[PDB]
file input_11.txt (compact mmCIF, C-alpha atoms)
# COMPACT_ATOMS: atom_id res chain seq x y z
CA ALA A 1 75.37 99.59 84.10
CA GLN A 2 77.90 101.95 85.69
CA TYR A 3 79.09 99.21 88.05
CA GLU A 4 79.47 95.86 86.24
CA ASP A 5 80.34 92.40 87.48
CA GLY A 6 83.74 91.66 85.99
CA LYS A 7 84.58 95.39 85.77
CA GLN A 8 85.16 97.15 89.14
CA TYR A 9 84.46 93.93 90.94
CA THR A 10 83.97 90.21 90.43
CA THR A 11 81.42 87.93 92.07
CA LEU A 12 82.48 84.87 94.00
CA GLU A 13 81.42 81.63 92.38
CA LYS A 14 81.33 80.29 95.91
CA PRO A 15 80.01 82.95 98.35
CA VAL A 16 81.21 82.79 101.95
CA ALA A 17 78.76 82.78 104.85
CA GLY A 18 79.38 84.73 108.06
CA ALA A 19 82.30 86.47 106.36
CA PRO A 20 83.34 89.89 107.65
CA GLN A 21 81.58 92.90 106.07
CA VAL A 22 84.72 94.45 104.63
CA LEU A 23 87.61 91.99 104.52
CA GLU A 24 91.03 93.13 103.38
CA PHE A 25 94.14 90.95 102.75
CA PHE A 26 97.74 92.11 102.47
CA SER A 27 101.37 91.08 102.91
CA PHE A 28 104.29 93.18 104.13
CA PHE A 29 106.17 91.66 101.14
CA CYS A 30 103.50 92.90 98.71
CA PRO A 31 104.56 96.02 96.74
CA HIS A 32 101.06 97.18 95.77
CA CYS A 33 100.20 96.63 99.45
CA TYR A 34 102.93 99.05 100.40
CA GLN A 35 101.43 101.59 98.00
CA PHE A 36 97.92 100.84 99.34
CA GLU A 37 99.15 101.67 102.82
CA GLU A 38 101.58 104.60 102.50
CA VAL A 39 100.75 106.37 99.23
CA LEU A 40 97.03 105.70 98.66
CA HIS A 41 95.77 105.13 102.23
CA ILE A 42 93.07 102.81 100.82
CA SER A 43 91.80 101.37 104.08
CA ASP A 44 91.40 104.79 105.50
CA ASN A 45 89.56 106.28 102.53
CA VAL A 46 87.28 103.26 102.28
CA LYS A 47 86.39 103.63 105.97
CA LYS A 48 85.56 107.33 105.47
CA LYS A 49 82.87 106.34 102.94
CA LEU A 50 81.40 103.36 104.75
CA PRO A 51 78.05 103.75 106.59
CA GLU A 52 77.38 103.75 110.28
CA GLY A 53 77.51 100.16 111.53
CA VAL A 54 80.33 98.74 109.41
CA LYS A 55 83.30 96.83 110.85
CA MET A 56 86.49 96.74 108.81
CA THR A 57 88.84 93.74 108.91
CA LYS A 58 92.43 93.37 107.69
CA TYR A 59 94.46 90.14 107.65
CA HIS A 60 98.03 89.17 106.74
CA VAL A 61 98.76 86.24 104.40
CA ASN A 62 101.32 83.41 104.40
CA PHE A 63 102.01 82.87 100.71
CA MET A 64 104.70 85.55 100.31
CA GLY A 65 108.18 85.64 101.80
CA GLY A 66 108.26 82.05 103.00
CA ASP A 67 109.26 81.61 106.64
CA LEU A 68 109.33 85.31 107.37
CA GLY A 69 105.90 85.59 105.78
CA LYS A 70 104.48 83.26 108.43
CA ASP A 71 106.31 85.15 111.15
CA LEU A 72 104.69 88.32 109.87
CA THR A 73 101.26 86.71 110.03
CA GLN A 74 101.88 85.72 113.66
CA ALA A 75 103.17 89.28 114.26
CA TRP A 76 100.06 90.84 112.78
CA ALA A 77 98.06 88.55 115.08
CA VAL A 78 100.05 90.07 117.94
CA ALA A 79 99.35 93.54 116.64
CA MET A 80 95.59 92.83 116.43
CA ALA A 81 95.48 91.26 119.90
CA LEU A 82 97.29 94.25 121.44
CA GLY A 83 95.50 96.80 119.32
CA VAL A 84 98.72 98.26 117.99
CA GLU A 85 98.14 97.94 114.22
CA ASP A 86 98.55 101.64 113.68
CA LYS A 87 101.96 101.77 115.32
CA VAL A 88 103.63 98.90 113.53
CA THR A 89 102.14 98.90 110.07
CA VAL A 90 104.41 101.55 108.61
CA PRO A 91 107.70 100.38 110.21
CA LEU A 92 106.96 96.77 109.22
CA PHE A 93 106.41 97.77 105.60
CA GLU A 94 109.56 99.91 105.48
CA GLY A 95 111.61 97.36 107.40
CA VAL A 96 110.69 94.75 104.80
CA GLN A 97 110.54 96.72 101.52
CA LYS A 98 112.42 100.00 102.03
CA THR A 99 115.37 99.54 104.40
CA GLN A 100 115.34 95.72 104.31
CA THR A 101 116.28 95.53 107.96
CA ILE A 102 113.72 92.85 108.73
CA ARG A 103 115.18 89.44 108.16
CA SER A 104 114.14 87.37 111.15
CA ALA A 105 111.54 87.13 113.87
CA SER A 106 113.89 89.06 116.15
CA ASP A 107 113.94 92.01 113.74
CA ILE A 108 110.11 91.99 113.56
CA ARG A 109 110.14 92.06 117.34
CA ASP A 110 112.49 95.12 117.42
CA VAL A 111 109.95 97.06 115.37
CA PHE A 112 107.39 96.48 118.14
CA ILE A 113 109.93 97.40 120.88
CA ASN A 114 110.80 100.63 119.09
CA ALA A 115 107.07 101.32 118.81
CA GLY A 116 106.89 101.13 122.58
CA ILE A 117 105.34 97.70 123.15
CA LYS A 118 107.18 96.08 126.04
CA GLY A 119 109.23 92.96 125.39
CA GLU A 120 107.51 91.05 128.14
CA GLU A 121 104.14 91.96 126.66
CA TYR A 122 105.15 91.14 123.06
CA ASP A 123 106.67 87.76 123.87
CA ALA A 124 103.63 86.80 125.96
CA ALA A 125 101.27 87.79 123.15
CA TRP A 126 103.48 85.96 120.58
CA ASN A 127 103.24 82.69 122.52
CA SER A 128 99.59 83.02 123.55
CA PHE A 129 96.77 80.78 122.34
CA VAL A 130 94.72 83.95 121.80
CA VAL A 131 97.28 84.78 119.10
CA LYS A 132 97.18 81.17 117.76
CA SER A 133 93.45 81.26 116.83
CA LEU A 134 93.94 84.81 115.56
CA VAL A 135 96.53 83.25 113.21
CA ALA A 136 94.00 80.45 112.50
CA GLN A 137 91.33 83.06 111.77
CA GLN A 138 93.61 84.81 109.27
CA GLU A 139 94.41 81.61 107.50
CA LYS A 140 90.79 80.44 107.44
CA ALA A 141 89.52 83.63 105.84
CA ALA A 142 92.16 83.48 103.10
CA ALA A 143 91.42 79.77 102.51
CA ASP A 144 87.67 80.36 102.21
CA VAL A 145 88.14 82.55 99.11
CA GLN A 146 91.04 80.55 97.68
CA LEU A 147 93.26 83.58 97.89
CA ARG A 148 96.33 83.64 95.65
CA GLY A 149 96.93 87.37 95.35
CA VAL A 150 97.14 90.52 97.45
CA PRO A 151 96.14 93.29 97.90
CA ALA A 152 92.57 91.98 98.00
CA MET A 153 89.30 93.22 99.42
CA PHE A 154 86.11 91.19 99.71
CA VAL A 155 82.70 92.70 100.61
CA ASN A 156 80.18 90.63 102.63
CA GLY A 157 81.91 87.43 101.56
CA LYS A 158 80.50 87.68 98.06
CA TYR A 159 82.23 90.46 96.08
CA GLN A 160 85.88 91.02 95.28
CA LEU A 161 87.24 94.41 94.29
CA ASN A 162 88.88 94.56 90.88
CA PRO A 163 91.33 97.51 90.96
CA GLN A 164 92.72 96.42 87.58
CA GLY A 165 89.49 97.85 86.12
CA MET A 166 89.88 101.44 87.39
CA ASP A 167 91.88 104.38 85.87
CA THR A 168 95.38 104.86 87.35
CA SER A 169 96.50 108.09 85.60
CA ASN A 170 95.49 109.82 88.83
CA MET A 171 96.10 108.32 92.27
CA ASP A 172 93.41 110.42 94.02
CA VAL A 173 90.81 109.47 91.44
CA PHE A 174 91.80 105.81 91.75
CA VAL A 175 91.25 105.80 95.50
CA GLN A 176 87.79 107.40 95.36
CA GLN A 177 86.69 105.08 92.59
CA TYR A 178 87.91 102.22 94.72
CA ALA A 179 86.18 103.46 97.87
CA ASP A 180 82.93 104.34 96.03
CA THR A 181 82.96 100.80 94.66
CA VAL A 182 83.23 99.35 98.13
CA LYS A 183 80.33 101.58 99.25
CA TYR A 184 78.18 100.49 96.30
CA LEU A 185 78.91 96.82 97.00
CA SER A 186 78.25 97.46 100.66
CA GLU A 187 74.73 98.72 99.87
CA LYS A 188 74.10 95.83 97.47

call {"tool": "encode", "arguments": {"input": "input_11.txt", "output": "structure tokens"}}
result
Amino acid sequence: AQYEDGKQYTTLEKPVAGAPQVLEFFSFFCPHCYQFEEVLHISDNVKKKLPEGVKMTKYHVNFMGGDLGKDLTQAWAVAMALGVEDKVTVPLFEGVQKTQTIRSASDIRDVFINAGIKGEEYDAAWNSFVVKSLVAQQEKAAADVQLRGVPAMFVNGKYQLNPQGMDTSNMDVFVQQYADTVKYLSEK
């Protein structure tokens, strides 16, 4: 076929029930994740090809960057709770991988302050039990698919994108092939 299991995607040996429709995992320590966000705009181009009625989910993972990695997962929980993903994603990535000015929880916090989230509101979110289960949700989803690498996308808890099997000579072509794959798996 044109789309083959083990080519543009793999099938999960152990499908996950009730999983989000389009589930994406990343880490601010993850170099391909940086690319996926700032150079390729993967999430955005996938979205632009998904049908009416599709929710798109993105979670942070713990297994990179040790202690700071966990802080970043809590921070992404804060971002999701406050709805400020689109204001902190870029400065978190660049603070970690480009300028390397993020070294502690306080530096993560500064990124939010500079993005215009008030201290009082950030600290309250940070310590809230609405952020705790949001952290729990992130961890659960990763655990359910036995996740050991990012970037990763899973469709309807059963299919996992395999970007290793797409041409990379051209960035633009890579992205569309990726997004078309998601769409195909979506319709499956």

call {"tool": "atom_distance", "arguments": {"input": "input_11.txt", "atom1": "CA of residue 23 (chain A)", "atom2": "CA of residue 35 (chain A)"}}
result
18.0 Å

call {"tool": "residues_around", "arguments": {"input": "input_11.txt", "residues": "residue 148 (chain A)", "least_positions_apart": "5", "cutoff": "10 Å", "atoms": "only C-alpha atoms", "output": "MDAnalysis selection string"}}
result
chainID A and resid 61 63:64 142:143

call {"tool": "residues_around", "arguments": {"input": "input_11.txt", "residues": "residue 77 (chain A)", "least_positions_apart": "4", "cutoff": "10 Å", "atoms": "all atoms listed in the file", "output": "list in words"}}
result
residues 59, 60, 71, 72, 73, 81, 82, 83, 85, 125, 126, 130, 131, 132, 133, 134, 135, 136, 137 and 138 of chain A

call {"tool": "write_last_selection", "arguments": {"input": "input_11.txt", "atoms": "C-alpha atoms", "output": "PDB file, in the coordinates of the input"}}
result
ATOM      1  CA  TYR A  59      94.460  90.140 107.650  1.00  0.00           C
ATOM      2  CA  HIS A  60      98.030  89.170 106.740  1.00  0.00           C
ATOM      3  CA  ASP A  71     106.310  85.150 111.150  1.00  0.00           C
ATOM      4  CA  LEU A  72     104.690  88.320 109.870  1.00  0.00           C
ATOM      5  CA  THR A  73     101.260  86.710 110.030  1.00  0.00           C
ATOM      6  CA  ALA A  81      95.480  91.260 119.900  1.00  0.00           C
ATOM      7  CA  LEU A  82      97.290  94.250 121.440  1.00  0.00           C
ATOM      8  CA  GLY A  83      95.500  96.800 119.320  1.00  0.00           C
ATOM      9  CA  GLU A  85      98.140  97.940 114.220  1.00  0.00           C
ATOM     10  CA  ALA A 125     101.270  87.790 123.150  1.00  0.00           C
ATOM     11  CA  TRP A 126     103.480  85.960 120.580  1.00  0.00           C
ATOM     12  CA  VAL A 130      94.720  83.950 121.800  1.00  0.00           C
ATOM     13  CA  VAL A 131      97.280  84.780 119.100  1.00  0.00           C
ATOM     14  CA  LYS A 132      97.180  81.170 117.760  1.00  0.00           C
ATOM     15  CA  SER A 133      93.450  81.260 116.830  1.00  0.00           C
ATOM     16  CA  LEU A 134      93.940  84.810 115.560  1.00  0.00           C
ATOM     17  CA  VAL A 135      96.530  83.250 113.210  1.00  0.00           C
ATOM     18  CA  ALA A 136      94.000  80.450 112.500  1.00  0.00           C
ATOM     19  CA  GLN A 137      91.330  83.060 111.770  1.00  0.00           C
ATOM     20  CA  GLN A 138      93.610  84.810 109.270  1.00  0.00           C
TER      21      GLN A 138
END

call {"tool": "closest_residue", "arguments": {"input": "input_11.txt", "among": "A:152, A:145, A:80, A:56", "to": "residue 13 (chain A)", "atoms": "only C-alpha atoms"}}
result
A:145

call {"tool": "closest_residue", "arguments": {"input": "input_11.txt", "among": "A:105, A:153, A:75, A:111", "to": "residue 91 (chain A)", "atoms": "all atoms listed in the file"}}
result
A:111

call {"tool": "closest_residue", "arguments": {"input": "input_11.txt", "among": "A:12, A:30, A:24, A:45", "to": "residue 173 (chain A)", "atoms": "all atoms listed in the file"}}
result
A:45

call {"tool": "residues_around", "arguments": {"input": "input_11.txt", "residues": "residue 166 (chain A)", "least_positions_apart": "4", "cutoff": "10 Å", "atoms": "only C-alpha atoms", "output": "count of residues only"}}
result
9

call {"tool": "closest_residue", "arguments": {"input": "input_11.txt", "among": "A:47, A:187, A:36, A:29", "to": "residue 66 (chain A)", "atoms": "all atoms listed in the file"}}
result
A:29

call {"tool": "axis_aligned_box", "arguments": {"input": "input_11.txt", "around": "region 51-59 of chain A", "padding_each_side": "4 Å", "output": "AutoDock Vina command-line options"}}
result
--center_x 85.9 --center_y 96.9 --center_z 109.1 --size_x 25.1 --size_y 21.6 --size_z 12.9

call {"tool": "decode", "arguments": {"input": "input_11.txt", "residues": "region 99-122 of chain A", "atoms": "N, CA, C and O atoms", "output": "mmCIF file, in the first residue's frame"}}
result
data_model
loop_
_atom_site.group_PDB
_atom_site.id
_atom_site.type_symbol
_atom_site.label_atom_id
_atom_site.label_comp_id
_atom_site.auth_asym_id
_atom_site.auth_seq_id
_atom_site.Cartn_x
_atom_site.Cartn_y
_atom_site.Cartn_z
ATOM 1 N N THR A 99 19.674 29.959 24.477
ATOM 2 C CA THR A 99 20.422 30.842 25.371
ATOM 3 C C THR A 99 20.913 30.167 26.644
ATOM 4 O O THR A 99 21.829 30.674 27.310
ATOM 5 N N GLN A 100 20.285 29.048 26.997
ATOM 6 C CA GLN A 100 20.630 28.286 28.201
ATOM 7 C C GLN A 100 20.590 29.166 29.439
ATOM 8 O O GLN A 100 21.493 29.165 30.266
ATOM 9 N N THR A 101 19.492 29.899 29.555
ATOM 10 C CA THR A 101 19.249 30.780 30.680
ATOM 11 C C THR A 101 18.222 30.176 31.602
ATOM 12 O O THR A 101 17.842 30.793 32.586
ATOM 13 N N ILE A 102 17.740 28.975 31.284
ATOM 14 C CA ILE A 102 16.856 28.291 32.224
ATOM 15 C C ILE A 102 17.548 27.166 32.963
ATOM 16 O O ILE A 102 17.919 26.153 32.396
ATOM 17 N N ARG A 103 17.758 27.368 34.250
ATOM 18 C CA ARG A 103 18.524 26.413 35.015
ATOM 19 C C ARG A 103 17.834 25.997 36.287
ATOM 20 O O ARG A 103 18.297 25.092 36.973
ATOM 21 N N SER A 104 16.747 26.673 36.617
ATOM 22 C CA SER A 104 16.025 26.357 37.844
ATOM 23 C C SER A 104 14.571 26.705 37.647
ATOM 24 O O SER A 104 14.210 27.319 36.641
ATOM 25 N N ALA A 105 13.750 26.305 38.611
ATOM 26 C CA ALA A 105 12.335 26.600 38.601
ATOM 27 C C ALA A 105 12.107 28.107 38.546
ATOM 28 O O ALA A 105 11.164 28.577 37.895
ATOM 29 N N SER A 106 12.976 28.872 39.207
ATOM 30 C CA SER A 106 12.810 30.321 39.226
ATOM 31 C C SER A 106 12.978 30.899 37.814
ATOM 32 O O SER A 106 12.221 31.795 37.405
ATOM 33 N N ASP A 107 13.932 30.365 37.052
ATOM 34 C CA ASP A 107 14.130 30.828 35.683
ATOM 35 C C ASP A 107 12.939 30.446 34.785
ATOM 36 O O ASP A 107 12.522 31.226 33.927
ATOM 37 N N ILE A 108 12.353 29.273 34.999
ATOM 38 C CA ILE A 108 11.143 28.916 34.245
ATOM 39 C C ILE A 108 10.079 29.956 34.521
ATOM 40 O O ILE A 108 9.442 30.477 33.613
ATOM 41 N N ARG A 109 9.918 30.256 35.805
ATOM 42 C CA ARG A 109 8.948 31.226 36.273
ATOM 43 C C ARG A 109 9.101 32.606 35.610
ATOM 44 O O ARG A 109 8.103 33.218 35.191
ATOM 45 N N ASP A 110 10.346 33.083 35.497
ATOM 46 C CA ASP A 110 10.650 34.366 34.835
ATOM 47 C C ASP A 110 10.097 34.424 33.407
ATOM 48 O O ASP A 110 9.577 35.457 32.948
ATOM 49 N N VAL A 111 10.226 33.308 32.701
ATOM 50 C CA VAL A 111 9.720 33.217 31.338
ATOM 51 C C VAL A 111 8.222 33.534 31.329
ATOM 52 O O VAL A 111 7.740 34.292 30.488
ATOM 53 N N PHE A 112 7.482 32.979 32.280
ATOM 54 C CA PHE A 112 6.047 33.282 32.388
ATOM 55 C C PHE A 112 5.784 34.762 32.746
ATOM 56 O O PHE A 112 4.861 35.382 32.210
ATOM 57 N N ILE A 113 6.552 35.297 33.694
ATOM 58 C CA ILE A 113 6.454 36.714 34.096
ATOM 59 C C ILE A 113 6.684 37.651 32.903
ATOM 60 O O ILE A 113 5.948 38.607 32.676
ATOM 61 N N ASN A 114 7.721 37.360 32.141
ATOM 62 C CA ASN A 114 8.050 38.158 30.979
ATOM 63 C C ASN A 114 6.960 38.017 29.912
ATOM 64 O O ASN A 114 6.687 38.950 29.154
ATOM 65 N N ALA A 115 6.255 36.885 29.921
ATOM 66 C CA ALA A 115 5.171 36.689 28.971
ATOM 67 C C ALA A 115 3.909 37.350 29.484
ATOM 68 O O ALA A 115 2.885 37.309 28.814
ATOM 69 N N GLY A 116 3.957 37.935 30.683
ATOM 70 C CA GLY A 116 2.819 38.726 31.128
ATOM 71 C C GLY A 116 1.826 38.028 32.041
ATOM 72 O O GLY A 116 0.755 38.573 32.331
ATOM 73 N N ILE A 117 2.126 36.787 32.414
ATOM 74 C CA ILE A 117 1.398 36.105 33.481
ATOM 75 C C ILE A 117 1.840 36.656 34.820
ATOM 76 O O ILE A 117 3.020 36.660 35.106
ATOM 77 N N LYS A 118 0.902 37.007 35.686
ATOM 78 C CA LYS A 118 1.261 37.637 36.944
ATOM 79 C C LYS A 118 1.782 36.599 37.933
ATOM 80 O O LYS A 118 1.298 35.456 37.992
ATOM 81 N N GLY A 119 2.782 37.018 38.698
ATOM 82 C CA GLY A 119 3.444 36.174 39.682
ATOM 83 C C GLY A 119 2.482 35.432 40.575
ATOM 84 O O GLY A 119 2.569 34.215 40.776
ATOM 85 N N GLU A 120 1.558 36.212 41.112
ATOM 86 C CA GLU A 120 0.530 35.763 42.025
ATOM 87 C C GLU A 120 -0.315 34.671 41.355
ATOM 88 O O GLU A 120 -0.600 33.615 41.945
ATOM 89 N N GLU A 121 -0.614 34.879 40.079
ATOM 90 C CA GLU A 121 -1.374 33.895 39.329
ATOM 91 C C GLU A 121 -0.556 32.631 38.972
ATOM 92 O O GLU A 121 -1.058 31.500 39.048
ATOM 93 N N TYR A 122 0.704 32.815 38.590
ATOM 94 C CA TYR A 122 1.597 31.682 38.333
ATOM 95 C C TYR A 122 1.851 30.816 39.562
ATOM 96 O O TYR A 122 1.800 29.592 39.486
#
